[PDB]
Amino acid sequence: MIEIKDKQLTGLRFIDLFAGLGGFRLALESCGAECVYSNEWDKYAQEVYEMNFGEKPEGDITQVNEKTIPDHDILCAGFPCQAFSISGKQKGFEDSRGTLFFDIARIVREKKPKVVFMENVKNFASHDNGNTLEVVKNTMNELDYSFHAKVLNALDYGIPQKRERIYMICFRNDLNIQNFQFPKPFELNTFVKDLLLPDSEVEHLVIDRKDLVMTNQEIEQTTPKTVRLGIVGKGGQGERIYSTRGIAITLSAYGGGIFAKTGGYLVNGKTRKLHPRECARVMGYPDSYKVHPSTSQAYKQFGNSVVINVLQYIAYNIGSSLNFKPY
């Protein structure tokens, strides 16, 4: 995460729905906003969130009466993606985990925040022949919000991970915001190798498979792209090895393979997965963030989370637009 000098969201209150690790909280709080409610139902996520923020989020949002939600200016929601990912069945709204958007809508109808700030997987934009995004747009428009949606790749915003996500920013119509812009990409100057822990700290993560096939020569020049060097097994998910002179593959919550959830990396002649602290870094979490004591739940949590830096640039732009109020 990045330093924010000019606190564009000072005086604003936000709610942290589907809170997970609290990435939206770190992002908005860095721009000066104050969290007034969080909701997250997973027991272990609630533990890490409490460890880090001092409060337990409320549980199952589907059972929460929207009248009881504190007044707020910005609603944040990285809602579940398993029903929309190209890695799963794509059942969308037919999946239990696919209809959480309508709980957001329910809350928005009652609370009417200034801004609604959502994230999902890149494929949310293409799912069900575009009808999924269409429904979202139409829902927000009928709630009296504008709808701004763009897929951003983390590697364009200072973070060495190929994580493409759709970001959805909605402004209440009475505010008349006409100048919201998604942040402009810039050159990447940080690579996986720059975020790695000392070899002494990660010996236990080294995997030595006898069926490793090294397909490509290691690179000396750093590059803002993934660079696959070899595979194990049949080369499915978690069976692929990358150069640390490129960027990380997308971290995943439920991913399998021998290099599950992180992917494999060539480091000093050996292949290993990433440490949870390296996953934290690849998601833009500060080293001060406290990781869950279950390494298993930690990998799951970072794989489900958001890239903090990207949310920081967007939040700053939302603040810039809200504060532009000439006579």
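Numbers for residues come from their place in the sequence shown, where the first is 1. In this text, the rigid core denotes the largest set of C-alpha atoms whose superposition between the two forms falls within 1.5 Å.
The rigid core fit leaves 77-85 as the farther-lying stretch in 8 other deposited structures of this protein, judged by Cα positions and set against 77-85 and 133-141.
In this crystal structure, the stretch out of 82-90 and 204-212 whose C-alpha atoms carry the higher mean B factor is 204-212. When the C-alpha B-factors of 100-108 and 213-221 are averaged, 213-221 comes out higher. Ranking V291, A27, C279, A45 by the C-alpha B-factor listed in the PDB entry places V291 at the top. Among all modelled residues in this chain, the alpha-carbon of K67 has a temperature factor (C-alpha) in the highest third.
Compared with the other modelled residues of the chain, the Cα B-factor recorded for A33 ranks in the middle third.
In this PDB entry, the Cα temperature factor of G233 sits in the top third of its chain's modelled residues, the highest group. The deposited CA B-factor of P198 belongs to the highest third of values across its chain. For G263, the recorded CA B-factor ranks within the middle third of the chain. Only modelled residues enter the ranking.
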